[PDB]
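What follows is one chain in structure tokens, specifically the form deposited in one PDB entry.
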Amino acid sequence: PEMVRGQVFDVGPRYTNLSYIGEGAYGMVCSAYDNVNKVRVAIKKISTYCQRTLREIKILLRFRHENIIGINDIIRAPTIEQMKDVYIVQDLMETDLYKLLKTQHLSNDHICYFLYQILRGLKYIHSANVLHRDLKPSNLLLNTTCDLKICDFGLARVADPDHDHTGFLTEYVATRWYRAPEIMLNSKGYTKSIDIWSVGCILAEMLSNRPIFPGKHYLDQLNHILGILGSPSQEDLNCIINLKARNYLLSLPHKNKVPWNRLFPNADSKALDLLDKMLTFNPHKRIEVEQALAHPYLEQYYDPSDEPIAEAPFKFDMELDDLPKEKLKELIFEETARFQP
């Protein structure tokens, strides 16, 4: 079996000429030559498993969309007893939006096209009643021709708006700078509006190459958001019934709105109108994915007949959070069976 940086990376004879790329949310990621399809591919090693691995595999195997990364193949031992590592093989993409924004200024045309493809993929995900819940530049892959694919469904959930409410300062898992204000106030992140806020943050980041709300800890994230949107209105406060959340907001000094054209003096005006609508404080007033696609900023691309939806809503058969470790390993084994000879 092949080794990389002193660690086993056992992808069978189909995949050769490994090159170490880095670490991801799962572990070691390499590229390799696929001797069947005659292209280099990306392979990630997954090494007591995590429910996030099963979630990712089940979703990605069910989804089929141009702007969502697929799973091409899965490598594992032929039996549960021998199964230790699982390797997930995917299209090799030149880069991701995190790397690209650290080095490259985007033209307005690239911003527009990237945003289109993000929302086109998101339309499909939300049409399946799924929330990605960790949209951010590093989860947006790009090829040499700037085709964009959304990746990492490890924190995804089925939408559940009727059970979205929670108390003030409830802990949350998803990446801090991309969290909607309501996560810190009264929301579990079980509604589609959670993902639109992340997309808004990504749009702002494409406009300036800097994250718009770089909070350094949980409540600092909310104070960055309020420092630009300004104090919420009476009406938007009245929507927050929880007293600890409400009263926290009422305790703050008045903050003025920072106009988008002052933060982004080089931006297209239609881009800033759409940004405003995605970065709306009140999640009920926030624009939805289909409205966003229909916004004038995206008029060159918008074509709902070419923005497909999922054939059916997605469902987890069992509730993943209460499965023991043996049942989780057993389910991963079953979900990956279709790739065995």
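Superpose the two forms; the largest set of C-alphas matching within 1.5 Å is the rigid core. The first residue of the sequence shown is number 1, and the count goes up from there.
Below, we turn to the form deposited in another entry, even though it does not appear here.
Superposing the rigid core between this form and the one not shown leaves a single residue from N256, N242, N108, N209 with a C-alpha shift of at least 2 Å: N242. Taking the rigid core as fixed, one finds a CA shift for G167 of 2 Å or more between this form and the one not shown.
The two forms, fitted on the rigid core, differ between this form and the one not shown by less than 2 Å at the CA of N266. Here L219 does not count as shifted, since its C-alpha moves by less than 2 Å between this form and the one not shown after the core is aligned.
By 3 Å or more, the C-alpha separation between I212 and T170 grows in that other deposited form relative to the form shown here. Panel note: the distance between the CA atoms of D164 and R286 is larger in that other deposited form than in this form, the difference being 3 Å or more.
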